[PDB]
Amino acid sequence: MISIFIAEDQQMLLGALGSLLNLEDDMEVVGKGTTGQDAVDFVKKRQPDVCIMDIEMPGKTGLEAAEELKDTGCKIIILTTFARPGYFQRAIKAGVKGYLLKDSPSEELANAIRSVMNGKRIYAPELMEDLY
């Protein structure tokens, strides 16, 4: 069973993502948060296998949270509206294992969690497609 923490400031989306992932037999949402701090606190304390991280959240962004969790051993997958090369470069330098867009098909999220748990790096193809 893969343990997942979800950090997403928009409650409707946070609740819907937890519901989308609890559909999976080999996955479990162990906690939900709305800020970068909620992610840092849970991940350092509860140590879930995976953290689904939104970027733009109040207080501390998901990129800032990812930097604070760089040496924790948790596999961070960024899930954001923003296809920004600066956000992506800061995310990869922080050691994130994935970077997905909120415009990626929903099925790609559970797939990315399994891939990342298998040591793979998952970046939405839509990113390169947006830039070029």
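Whichever C-alpha set is largest while still superposing within 1.5 Å between the two forms counts as the rigid core. Numbering starts at 1 and follows the sequence shown.
When the other structures are laid on the shown form by the core, the C-alphas of 1-9 and 121-129 differ in how far they drift in 5 other deposited structures of this protein; the larger average drift belongs to 121-129. Taking 46-54 and 98-106 in turn, the stretch whose Cα atoms are more displaced from the shown form in 5 other deposited structures of this protein following rigid core superposition is 98-106. Annotation for 56-64 versus 38-46: the higher mean temperature factor (C-alpha) is found in 56-64.
As the entry records it, the average C-alpha temperature factor is higher for 79-87, out of 79-87 and 97-105. Ranked within its chain, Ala112 lands in the middle third, by CA B factor from the PDB record. When the CA B factors of the chain's modelled residues are split into thirds, the value for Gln11 lands in the lowest one. Among all modelled residues in this chain, the alpha-carbon of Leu23 has a temperature factor (C-alpha) in the highest third.
The entry lists a Cα temperature factor for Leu69 that places it in the middle third of the chain's modelled residues. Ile92 sits in the highest third of its chain by CA B factor, as recorded in the PDB entry.
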